[PDB]
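Undergrad: Following this message is one structure expressed as structure tokens.
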2 protein chains.
Amino acid sequence: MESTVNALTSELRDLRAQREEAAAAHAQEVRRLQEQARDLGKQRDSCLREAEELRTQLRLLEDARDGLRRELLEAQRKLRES
Amino acid sequence: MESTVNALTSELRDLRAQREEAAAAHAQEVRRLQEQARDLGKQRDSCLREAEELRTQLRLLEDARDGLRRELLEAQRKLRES
């Protein structure tokens, strides 16, 4: 019965080696995807900070532009009435 | 012995079942992590788009502000010469 026992043990050890190597490859892929997520989240939060500062500057610039538009129209009124 | 052959046959059925279950579990976990990376990447991209749009508006409105200020000064000058 030695050959049958050897054949079954061979199959069991094949499966154990396959399992160990599949686990190693899976751990590598999981770590890669986890770090990808952490880094995309950091890029996102950083851009969010930049966009907040740009929005602040745009609010102030929009207000300044609007006031100069207003004042030009008033100056042109005075030119007409003159 | 029949006890050793049947023990190995039983262990083999269990290990093959575990291999199939693990392959599906690994695929599910990777799929979940890949979706997380896609979610975070879309969040990052949307912020990048907003930042680009803000930078565009800032350039357009600085041009407009500066021109209006020049034309306000010139309209005031014309009124003094009127």
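We label chains A, B, ... in the order they appear in the structure tokens, count residues from 1 in each chain, and number ligands from 1 in the order shown.
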Quick one: everything within 12 Å of residue 26 (chain B), counting only C-alpha atoms, minus sequence neighbours fewer than 3 positions away in the same chain. Send it as a list in words.
TA: residues 19, 22, 23, 24, 25, 26, 27, 28, 29 and 30 of chain A; 18, 19, 20, 21, 22, 23, 29, 30, 31, 32 and 33 of chain B
Undergrad: Using only C-alpha atoms, determine which residues of chain A fall within 9 Å of chain B; present them as an MDAnalysis selection string.
TA: chainID A and resid 1 4:5 8:9 11:12 15:16 18:19 22:23 26 29:30 33:34 36:38 40:45 47:48 50:52 54:55 57:58 61:62 64:66 68:69 71:73 75:76 78:79 82
Undergrad: Could you write out that same residue set with N, CA and C atoms as a compact mmCIF listing (two decimals), in the first residue's frame?
TA:
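Everything below was put into result_14.txt:
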# COMPACT_ATOMS: atom_id res chain seq x y z
N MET A 1 0.81 -1.21 0.00
CA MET A 1 0.00 0.00 0.00
C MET A 1 0.85 1.27 0.00
N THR A 4 0.20 3.94 -2.82
CA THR A 4 -1.03 4.71 -2.67
C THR A 4 -0.89 5.77 -1.58
N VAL A 5 -0.33 5.38 -0.43
CA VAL A 5 -0.07 6.35 0.64
C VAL A 5 0.84 7.47 0.14
N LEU A 8 -1.12 9.91 -2.13
CA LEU A 8 -2.00 10.81 -1.39
C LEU A 8 -1.20 11.86 -0.62
N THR A 9 -0.09 11.46 0.00
CA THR A 9 0.76 12.42 0.70
C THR A 9 1.32 13.46 -0.26
N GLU A 11 -0.10 14.53 -3.02
CA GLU A 11 -1.19 15.46 -3.32
C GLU A 11 -1.42 16.44 -2.16
N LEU A 12 -1.38 15.94 -0.92
CA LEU A 12 -1.57 16.82 0.23
C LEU A 12 -0.48 17.87 0.30
N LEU A 15 -0.95 20.58 -2.24
CA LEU A 15 -1.95 21.57 -1.82
C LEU A 15 -1.39 22.49 -0.74
N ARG A 16 -0.58 21.95 0.18
CA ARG A 16 -0.03 22.81 1.23
C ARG A 16 0.95 23.84 0.66
N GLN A 18 0.91 25.03 -2.47
CA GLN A 18 0.08 25.96 -3.20
C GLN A 18 -0.58 26.97 -2.26
N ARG A 19 -1.08 26.50 -1.11
CA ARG A 19 -1.74 27.38 -0.15
C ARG A 19 -0.76 28.39 0.42
N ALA A 22 0.04 30.92 -2.39
CA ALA A 22 -1.11 31.78 -2.68
C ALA A 22 -1.33 32.78 -1.56
N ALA A 23 -1.08 32.38 -0.32
CA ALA A 23 -1.21 33.30 0.81
C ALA A 23 -0.17 34.41 0.73
N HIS A 26 -1.25 36.79 -2.03
CA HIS A 26 -2.42 37.56 -1.61
C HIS A 26 -2.03 38.65 -0.62
N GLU A 29 -0.57 41.56 -2.55
CA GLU A 29 -1.58 42.34 -3.27
C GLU A 29 -2.42 43.19 -2.32
N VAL A 30 -2.79 42.62 -1.17
CA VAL A 30 -3.58 43.35 -0.18
C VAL A 30 -2.81 44.56 0.32
N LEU A 33 -2.78 47.31 -2.34
CA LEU A 33 -4.05 48.03 -2.47
C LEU A 33 -4.31 48.92 -1.26
N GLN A 34 -3.92 48.47 -0.07
CA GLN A 34 -4.11 49.26 1.14
C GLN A 34 -3.26 50.53 1.11
N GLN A 36 -2.17 51.97 -1.63
CA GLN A 36 -2.78 52.79 -2.67
C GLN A 36 -3.93 53.63 -2.13
N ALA A 37 -4.80 53.01 -1.32
CA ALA A 37 -5.92 53.75 -0.74
C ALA A 37 -5.43 54.84 0.20
N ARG A 38 -4.48 54.51 1.08
CA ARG A 38 -3.98 55.52 2.02
C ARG A 38 -3.39 56.72 1.27
N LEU A 40 -4.01 57.70 -1.99
CA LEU A 40 -5.05 58.45 -2.69
C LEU A 40 -5.82 59.33 -1.72
N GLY A 41 -6.07 58.83 -0.51
CA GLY A 41 -6.75 59.63 0.50
C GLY A 41 -5.92 60.83 0.92
N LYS A 42 -4.60 60.65 1.03
CA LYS A 42 -3.75 61.78 1.36
C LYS A 42 -3.72 62.81 0.24
N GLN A 43 -3.59 62.36 -1.02
CA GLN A 43 -3.66 63.29 -2.15
C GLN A 43 -4.97 64.05 -2.15
N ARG A 44 -6.07 63.34 -1.88
CA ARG A 44 -7.38 63.98 -1.84
C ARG A 44 -7.44 65.06 -0.77
N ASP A 45 -7.05 64.73 0.46
CA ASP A 45 -7.15 65.69 1.55
C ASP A 45 -6.27 66.92 1.29
N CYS A 47 -5.36 68.14 -1.73
CA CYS A 47 -6.04 68.96 -2.73
C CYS A 47 -7.21 69.71 -2.11
N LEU A 48 -7.93 69.08 -1.19
CA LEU A 48 -9.05 69.76 -0.53
C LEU A 48 -8.58 71.02 0.18
N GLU A 50 -5.85 72.82 -0.59
CA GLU A 50 -5.49 73.79 -1.63
C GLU A 50 -6.74 74.45 -2.20
N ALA A 51 -7.79 73.66 -2.43
CA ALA A 51 -9.01 74.20 -3.01
C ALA A 51 -9.69 75.18 -2.07
N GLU A 52 -9.64 74.91 -0.76
CA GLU A 52 -10.18 75.86 0.21
C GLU A 52 -9.47 77.21 0.11
N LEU A 54 -7.86 78.42 -2.52
CA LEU A 54 -8.22 79.03 -3.80
C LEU A 54 -9.61 79.63 -3.75
N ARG A 55 -10.55 78.96 -3.07
CA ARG A 55 -11.90 79.49 -2.95
C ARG A 55 -11.91 80.78 -2.16
N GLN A 57 -9.45 82.97 -2.00
CA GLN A 57 -8.91 83.99 -2.89
C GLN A 57 -9.92 84.38 -3.96
N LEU A 58 -10.69 83.41 -4.46
CA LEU A 58 -11.66 83.72 -5.50
C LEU A 58 -12.80 84.57 -4.95
N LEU A 61 -11.47 88.04 -4.79
CA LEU A 61 -11.22 88.61 -6.11
C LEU A 61 -12.52 88.95 -6.82
N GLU A 62 -13.47 88.05 -6.71
CA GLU A 62 -14.81 88.33 -7.29
C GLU A 62 -15.45 89.66 -6.76
N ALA A 64 -13.74 92.21 -5.38
CA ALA A 64 -12.96 93.35 -5.87
C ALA A 64 -13.31 93.69 -7.32
N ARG A 65 -13.39 92.67 -8.18
CA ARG A 65 -13.76 92.88 -9.57
C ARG A 65 -15.13 93.55 -9.66
N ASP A 66 -16.09 93.04 -8.89
CA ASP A 66 -17.43 93.60 -8.93
C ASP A 66 -17.44 95.07 -8.51
N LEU A 68 -14.97 97.26 -8.77
CA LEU A 68 -14.37 98.10 -9.80
C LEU A 68 -15.30 98.26 -11.00
N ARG A 69 -16.05 97.21 -11.35
CA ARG A 69 -17.08 97.30 -12.38
C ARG A 69 -18.11 98.37 -12.01
N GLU A 71 -17.76 100.91 -9.90
CA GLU A 71 -17.20 102.26 -9.85
C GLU A 71 -16.89 102.79 -11.25
N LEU A 72 -16.47 101.92 -12.18
CA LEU A 72 -16.29 102.37 -13.55
C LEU A 72 -17.61 102.86 -14.13
N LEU A 73 -18.70 102.12 -13.89
CA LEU A 73 -19.98 102.56 -14.45
C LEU A 73 -20.40 103.91 -13.86
N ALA A 75 -18.30 106.29 -12.72
CA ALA A 75 -17.43 107.29 -13.34
C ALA A 75 -17.90 107.62 -14.75
N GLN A 76 -18.35 106.61 -15.50
CA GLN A 76 -18.85 106.88 -16.84
C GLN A 76 -20.14 107.70 -16.80
N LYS A 78 -20.74 110.04 -14.56
CA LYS A 78 -20.29 111.42 -14.35
C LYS A 78 -19.76 112.03 -15.64
N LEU A 79 -19.05 111.23 -16.44
CA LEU A 79 -18.56 111.74 -17.72
C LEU A 79 -19.71 112.15 -18.63
N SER A 82 -21.33 115.43 -17.38
CA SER A 82 -20.44 116.59 -17.45
C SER A 82 -20.70 117.42 -18.70
Undergrad: Could you give me chain B least-squares fitted onto chain A (all C-alpha atoms, paired in order), as a compact mmCIF listing (two decimals) with N, CA, C and O atoms, in the first residue's frame?
TA:
# COMPACT_ATOMS: atom_id res chain seq x y z
N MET B 1 -1.43 -0.12 2.47
CA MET B 1 -0.13 -0.04 1.79
C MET B 1 0.73 1.10 2.31
O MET B 1 0.22 2.13 2.76
N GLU B 2 2.05 0.92 2.24
CA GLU B 2 2.97 2.01 2.52
C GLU B 2 3.01 3.01 1.37
O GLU B 2 3.27 4.20 1.59
N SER B 3 2.75 2.55 0.14
CA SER B 3 2.75 3.45 -1.01
C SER B 3 1.63 4.47 -0.91
O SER B 3 1.82 5.64 -1.28
N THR B 4 0.46 4.07 -0.41
CA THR B 4 -0.63 5.03 -0.31
C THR B 4 -0.44 5.99 0.85
O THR B 4 -0.74 7.18 0.73
N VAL B 5 0.08 5.51 1.99
CA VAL B 5 0.33 6.40 3.12
C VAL B 5 1.42 7.41 2.78
O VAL B 5 1.28 8.61 3.05
N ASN B 6 2.51 6.94 2.17
CA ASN B 6 3.61 7.85 1.85
C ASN B 6 3.24 8.82 0.73
O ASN B 6 3.69 9.97 0.74
N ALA B 7 2.40 8.39 -0.22
CA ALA B 7 1.91 9.33 -1.23
C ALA B 7 1.09 10.45 -0.59
O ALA B 7 1.22 11.62 -0.97
N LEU B 8 0.24 10.10 0.38
CA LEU B 8 -0.57 11.12 1.04
C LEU B 8 0.29 12.04 1.89
O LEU B 8 0.05 13.26 1.94
N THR B 9 1.29 11.49 2.58
CA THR B 9 2.20 12.34 3.36
C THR B 9 2.95 13.32 2.45
O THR B 9 3.10 14.50 2.80
N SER B 10 3.39 12.86 1.28
CA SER B 10 4.07 13.75 0.34
C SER B 10 3.14 14.85 -0.17
O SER B 10 3.50 16.04 -0.23
N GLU B 11 1.92 14.46 -0.55
CA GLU B 11 0.95 15.43 -1.04
C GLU B 11 0.61 16.46 0.04
O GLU B 11 0.41 17.65 -0.25
N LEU B 12 0.56 16.01 1.30
CA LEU B 12 0.26 16.89 2.41
C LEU B 12 1.35 17.93 2.61
O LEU B 12 1.06 19.11 2.83
N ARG B 13 2.62 17.50 2.56
CA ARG B 13 3.69 18.48 2.70
C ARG B 13 3.62 19.52 1.59
O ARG B 13 3.80 20.73 1.83
N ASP B 14 3.32 19.07 0.36
CA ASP B 14 3.21 20.02 -0.76
C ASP B 14 2.05 20.99 -0.56
O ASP B 14 2.20 22.22 -0.78
N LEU B 15 0.90 20.49 -0.12
CA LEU B 15 -0.27 21.36 0.04
C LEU B 15 -0.08 22.35 1.18
O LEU B 15 -0.54 23.50 1.07
N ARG B 16 0.59 21.95 2.26
CA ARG B 16 0.85 22.92 3.33
C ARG B 16 1.80 24.01 2.86
O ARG B 16 1.62 25.20 3.19
N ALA B 17 2.82 23.63 2.08
CA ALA B 17 3.74 24.62 1.54
C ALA B 17 3.00 25.60 0.63
O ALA B 17 3.23 26.82 0.69
N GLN B 18 2.10 25.07 -0.20
CA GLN B 18 1.32 25.91 -1.11
C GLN B 18 0.40 26.85 -0.34
O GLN B 18 0.20 28.00 -0.75
N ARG B 19 -0.18 26.38 0.77
CA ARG B 19 -1.02 27.25 1.59
C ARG B 19 -0.25 28.45 2.11
O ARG B 19 -0.74 29.59 2.08
N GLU B 20 0.97 28.22 2.60
CA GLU B 20 1.76 29.33 3.14
C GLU B 20 2.17 30.30 2.03
O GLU B 20 2.10 31.54 2.19
N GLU B 21 2.59 29.75 0.90
CA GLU B 21 2.97 30.58 -0.23
C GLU B 21 1.79 31.40 -0.74
O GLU B 21 1.94 32.59 -1.04
N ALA B 22 0.61 30.78 -0.81
CA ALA B 22 -0.58 31.48 -1.29
C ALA B 22 -1.00 32.57 -0.32
O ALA B 22 -1.45 33.63 -0.75
N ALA B 23 -0.89 32.32 0.99
CA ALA B 23 -1.27 33.37 1.94
C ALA B 23 -0.40 34.60 1.75
O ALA B 23 -0.90 35.74 1.74
N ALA B 24 0.91 34.39 1.57
CA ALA B 24 1.80 35.53 1.35
C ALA B 24 1.52 36.20 0.00
O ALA B 24 1.55 37.44 -0.10
N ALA B 25 1.26 35.41 -1.04
CA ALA B 25 0.98 35.97 -2.35
C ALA B 25 -0.29 36.80 -2.33
O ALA B 25 -0.34 37.90 -2.88
N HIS B 26 -1.34 36.26 -1.70
CA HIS B 26 -2.59 37.01 -1.57
C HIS B 26 -2.38 38.31 -0.81
O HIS B 26 -2.89 39.36 -1.22
N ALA B 27 -1.62 38.26 0.29
CA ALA B 27 -1.38 39.48 1.06
C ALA B 27 -0.62 40.51 0.23
O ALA B 27 -0.92 41.71 0.29
N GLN B 28 0.38 40.06 -0.54
CA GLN B 28 1.14 40.99 -1.37
C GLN B 28 0.24 41.65 -2.41
O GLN B 28 0.35 42.86 -2.67
N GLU B 29 -0.64 40.86 -3.03
CA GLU B 29 -1.51 41.40 -4.07
C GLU B 29 -2.48 42.41 -3.49
O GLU B 29 -2.69 43.48 -4.07
N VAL B 30 -3.10 42.08 -2.35
CA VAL B 30 -4.01 43.01 -1.70
C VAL B 30 -3.27 44.28 -1.30
O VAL B 30 -3.80 45.38 -1.43
N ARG B 31 -2.05 44.14 -0.79
CA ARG B 31 -1.29 45.30 -0.36
C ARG B 31 -1.01 46.24 -1.54
O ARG B 31 -1.13 47.47 -1.41
N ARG B 32 -0.64 45.64 -2.64
CA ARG B 32 -0.45 46.43 -3.90
C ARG B 32 -1.71 47.20 -4.42
O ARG B 32 -1.80 48.40 -4.96
N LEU B 33 -2.84 46.49 -4.33
CA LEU B 33 -4.10 47.11 -4.74
C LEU B 33 -4.52 48.20 -3.76
O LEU B 33 -5.03 49.25 -4.17
N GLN B 34 -4.34 47.96 -2.46
CA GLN B 34 -4.65 48.99 -1.46
C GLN B 34 -3.79 50.22 -1.68
O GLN B 34 -4.28 51.36 -1.56
N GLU B 35 -2.54 50.07 -2.05
CA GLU B 35 -1.66 51.22 -2.31
C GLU B 35 -2.14 51.95 -3.54
O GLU B 35 -2.07 53.18 -3.57
N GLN B 36 -2.54 51.23 -4.55
CA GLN B 36 -3.08 51.90 -5.73
C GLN B 36 -4.30 52.74 -5.39
O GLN B 36 -4.43 53.89 -5.85
N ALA B 37 -5.20 52.19 -4.57
CA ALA B 37 -6.39 52.95 -4.17
C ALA B 37 -6.01 54.17 -3.36
O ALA B 37 -6.60 55.25 -3.53
N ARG B 38 -5.01 54.05 -2.48
CA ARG B 38 -4.55 55.22 -1.73
C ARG B 38 -3.96 56.28 -2.65
O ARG B 38 -4.26 57.48 -2.50
N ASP B 39 -3.13 55.87 -3.62
CA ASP B 39 -2.54 56.80 -4.59
C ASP B 39 -3.63 57.57 -5.31
O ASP B 39 -3.64 58.81 -5.34
N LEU B 40 -4.58 56.84 -5.89
CA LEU B 40 -5.65 57.48 -6.64
C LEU B 40 -6.52 58.35 -5.75
O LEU B 40 -6.99 59.41 -6.19
N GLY B 41 -6.73 57.95 -4.50
CA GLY B 41 -7.53 58.77 -3.61
C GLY B 41 -6.85 60.08 -3.26
O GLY B 41 -7.51 61.11 -3.17
N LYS B 42 -5.53 60.04 -3.07
CA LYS B 42 -4.79 61.28 -2.82
C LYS B 42 -4.82 62.18 -4.04
O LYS B 42 -4.92 63.41 -3.91
N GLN B 43 -4.74 61.59 -5.24
CA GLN B 43 -4.86 62.39 -6.46
C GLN B 43 -6.23 63.06 -6.52
O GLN B 43 -6.35 64.27 -6.79
N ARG B 44 -7.27 62.31 -6.22
CA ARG B 44 -8.64 62.85 -6.21
C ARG B 44 -8.72 63.97 -5.17
O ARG B 44 -9.22 65.03 -5.51
N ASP B 45 -8.21 63.74 -3.96
CA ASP B 45 -8.29 64.74 -2.90
C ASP B 45 -7.57 66.01 -3.29
O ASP B 45 -8.06 67.12 -3.01
N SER B 46 -6.40 65.89 -3.90
CA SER B 46 -5.65 67.08 -4.26
C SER B 46 -6.41 67.91 -5.28
O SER B 46 -6.42 69.15 -5.20
N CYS B 47 -7.08 67.25 -6.23
CA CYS B 47 -7.90 68.02 -7.16
C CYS B 47 -9.08 68.68 -6.45
O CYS B 47 -9.44 69.83 -6.77
N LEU B 48 -9.72 67.97 -5.52
CA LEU B 48 -10.83 68.57 -4.77
C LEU B 48 -10.38 69.82 -4.03
O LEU B 48 -11.10 70.83 -4.02
N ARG B 49 -9.18 69.78 -3.44
CA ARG B 49 -8.63 70.94 -2.75
C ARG B 49 -8.40 72.10 -3.72
O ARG B 49 -8.72 73.27 -3.41
N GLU B 50 -7.81 71.80 -4.88
CA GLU B 50 -7.59 72.86 -5.88
C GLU B 50 -8.91 73.48 -6.31
O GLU B 50 -9.02 74.71 -6.39
N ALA B 51 -9.94 72.65 -6.53
CA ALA B 51 -11.24 73.17 -6.96
C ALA B 51 -11.86 74.05 -5.88
O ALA B 51 -12.43 75.11 -6.19
N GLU B 52 -11.74 73.65 -4.61
CA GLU B 52 -12.24 74.48 -3.52
C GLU B 52 -11.53 75.83 -3.49
O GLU B 52 -12.16 76.88 -3.33
N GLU B 53 -10.19 75.80 -3.62
CA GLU B 53 -9.41 77.03 -3.59
C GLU B 53 -9.78 77.95 -4.75
O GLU B 53 -9.84 79.18 -4.60
N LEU B 54 -10.03 77.36 -5.93
CA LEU B 54 -10.45 78.15 -7.08
C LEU B 54 -11.83 78.76 -6.86
O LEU B 54 -12.06 79.93 -7.20
N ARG B 55 -12.77 77.99 -6.30
CA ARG B 55 -14.10 78.53 -6.06
C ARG B 55 -14.05 79.68 -5.06
O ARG B 55 -14.77 80.68 -5.20
N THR B 56 -13.19 79.55 -4.05
CA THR B 56 -13.01 80.61 -3.06
C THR B 56 -12.51 81.88 -3.72
O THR B 56 -13.03 82.98 -3.48
N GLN B 57 -11.47 81.75 -4.55
CA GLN B 57 -10.92 82.91 -5.23
C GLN B 57 -11.93 83.53 -6.19
O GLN B 57 -11.99 84.77 -6.33
N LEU B 58 -12.72 82.71 -6.87
CA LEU B 58 -13.72 83.26 -7.77
C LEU B 58 -14.73 84.11 -7.01
O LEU B 58 -15.10 85.19 -7.47
N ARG B 59 -15.18 83.65 -5.83
CA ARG B 59 -16.11 84.46 -5.05
C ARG B 59 -15.47 85.77 -4.59
O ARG B 59 -16.08 86.85 -4.70
N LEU B 60 -14.24 85.69 -4.06
CA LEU B 60 -13.57 86.91 -3.60
C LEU B 60 -13.39 87.90 -4.74
O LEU B 60 -13.61 89.12 -4.57
N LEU B 61 -12.97 87.42 -5.90
CA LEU B 61 -12.66 88.33 -6.99
C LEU B 61 -13.92 88.84 -7.68
O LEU B 61 -13.89 89.96 -8.21
N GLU B 62 -15.02 88.10 -7.67
CA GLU B 62 -16.26 88.68 -8.20
C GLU B 62 -16.72 89.85 -7.32
O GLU B 62 -17.13 90.90 -7.84
N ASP B 63 -16.64 89.69 -5.99
CA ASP B 63 -16.94 90.80 -5.09
C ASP B 63 -16.08 92.02 -5.42
O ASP B 63 -16.56 93.17 -5.49
N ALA B 64 -14.78 91.78 -5.60
CA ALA B 64 -13.86 92.90 -5.82
C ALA B 64 -14.13 93.58 -7.17
O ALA B 64 -14.14 94.82 -7.26
N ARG B 65 -14.33 92.78 -8.21
CA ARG B 65 -14.64 93.29 -9.54
C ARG B 65 -15.88 94.17 -9.51
O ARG B 65 -15.89 95.29 -10.05
N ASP B 66 -16.95 93.67 -8.86
CA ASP B 66 -18.21 94.40 -8.88
C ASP B 66 -18.08 95.71 -8.12
O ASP B 66 -18.61 96.74 -8.57
N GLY B 67 -17.36 95.69 -6.99
CA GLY B 67 -17.16 96.92 -6.25
C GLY B 67 -16.32 97.93 -7.01
O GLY B 67 -16.63 99.13 -7.02
N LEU B 68 -15.25 97.47 -7.66
CA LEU B 68 -14.43 98.39 -8.45
C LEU B 68 -15.23 99.00 -9.59
O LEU B 68 -15.07 100.20 -9.90
N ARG B 69 -16.09 98.22 -10.22
CA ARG B 69 -16.90 98.76 -11.31
C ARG B 69 -17.85 99.84 -10.80
O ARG B 69 -17.98 100.91 -11.41
N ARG B 70 -18.49 99.59 -9.65
CA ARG B 70 -19.34 100.63 -9.05
C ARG B 70 -18.54 101.90 -8.72
O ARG B 70 -19.00 103.02 -8.98
N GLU B 71 -17.35 101.73 -8.15
CA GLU B 71 -16.58 102.91 -7.75
C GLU B 71 -16.01 103.65 -8.96
O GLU B 71 -15.87 104.88 -8.91
N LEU B 72 -15.69 102.94 -10.04
CA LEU B 72 -15.29 103.61 -11.28
C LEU B 72 -16.43 104.45 -11.83
O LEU B 72 -16.23 105.62 -12.20
N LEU B 73 -17.65 103.90 -11.85
CA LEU B 73 -18.80 104.66 -12.30
C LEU B 73 -19.01 105.91 -11.43
O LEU B 73 -19.31 107.00 -11.95
N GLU B 74 -18.84 105.76 -10.12
CA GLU B 74 -19.06 106.88 -9.21
C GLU B 74 -17.98 107.96 -9.36
O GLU B 74 -18.29 109.16 -9.29
N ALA B 75 -16.73 107.56 -9.56
CA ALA B 75 -15.66 108.54 -9.79
C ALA B 75 -15.90 109.31 -11.09
O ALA B 75 -15.66 110.53 -11.15
N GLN B 76 -16.39 108.62 -12.13
CA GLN B 76 -16.76 109.31 -13.37
C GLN B 76 -17.89 110.30 -13.13
O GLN B 76 -17.91 111.40 -13.73
N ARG B 77 -18.86 109.91 -12.30
CA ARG B 77 -19.98 110.80 -12.00
C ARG B 77 -19.50 112.04 -11.27
O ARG B 77 -19.92 113.17 -11.59
N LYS B 78 -18.60 111.86 -10.29
CA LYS B 78 -18.07 113.01 -9.56
C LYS B 78 -17.32 113.96 -10.49
O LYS B 78 -17.38 115.18 -10.32
N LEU B 79 -16.61 113.41 -11.47
CA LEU B 79 -15.88 114.27 -12.40
C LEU B 79 -16.84 115.09 -13.27
O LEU B 79 -16.56 116.26 -13.58
N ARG B 80 -17.98 114.50 -13.62
CA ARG B 80 -18.97 115.26 -14.38
C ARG B 80 -19.59 116.38 -13.56
O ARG B 80 -19.97 117.42 -14.12
N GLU B 81 -19.72 116.20 -12.24
CA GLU B 81 -20.31 117.22 -11.38
C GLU B 81 -19.28 118.23 -10.88
O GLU B 81 -19.66 119.24 -10.28
N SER B 82 -18.00 117.97 -11.11
CA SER B 82 -16.92 118.85 -10.67
C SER B 82 -16.87 120.12 -11.52
O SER B 82 -17.05 121.23 -11.01
